[PDB]
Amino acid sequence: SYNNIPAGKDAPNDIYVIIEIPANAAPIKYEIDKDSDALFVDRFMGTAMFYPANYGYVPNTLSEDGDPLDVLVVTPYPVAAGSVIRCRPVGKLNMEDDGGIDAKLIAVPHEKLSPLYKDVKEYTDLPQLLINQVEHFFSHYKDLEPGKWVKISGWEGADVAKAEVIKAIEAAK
């Protein structure tokens, strides 16, 4: 089971993320079911948009909304829905939506998976266009869903992101 995946091999610097939606995919919003470990279609998205990075969660974590910690993972090629990426957090995008405070971490693959990100220490080391694409996507992807809305607060750095990982791992027990 996915529950047999640890939150990471090494604390917050070295974590696992289970991908629910590949980057640059069809506008199908998948979510993994806790009981099933199965990929559920939560909705077909209203707007003509795609996730700018792979979107998933850290197994064995618990966030404020009761669900695992949300993470976007940047990769050189989109990964398969349901697959698991060893990665490293570099930032945190603060938002609020219809459901309350909702933050998304952003992460890059571990050095064992690729050398492309060795010099990416903070989200500000990612391309500025990609950061703006992530802000813009979350500001607008729910625009055509009645009863859903998003407000962007701002970004925080890698240390805060790792802080949220530790909090969510302990909240899981």
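Don't overthink the numbering: it's just position in the shown sequence, from 1.
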49-57 or 35-43, whichever carries the higher mean Cα B-factor: 35-43
Residue stretch of maximal mean CA temperature factor, 96-104 vs 74-82: 96-104
Ranked C-alpha temperature factor of residue 157 among modelled chain residues, by third: middle
Position of residue 109 among the chain's modelled residues by C-alpha B-factor, lowest, middle or highest third: lowest
Ranked against its chain, the third holding the CA B-factor of residue 144: middle
Chain third (lowest, middle, highest) by recorded CA B-factor, residue given as residue 163: middle
Chain thirds of CA B-factor: placement of residue 118: highest
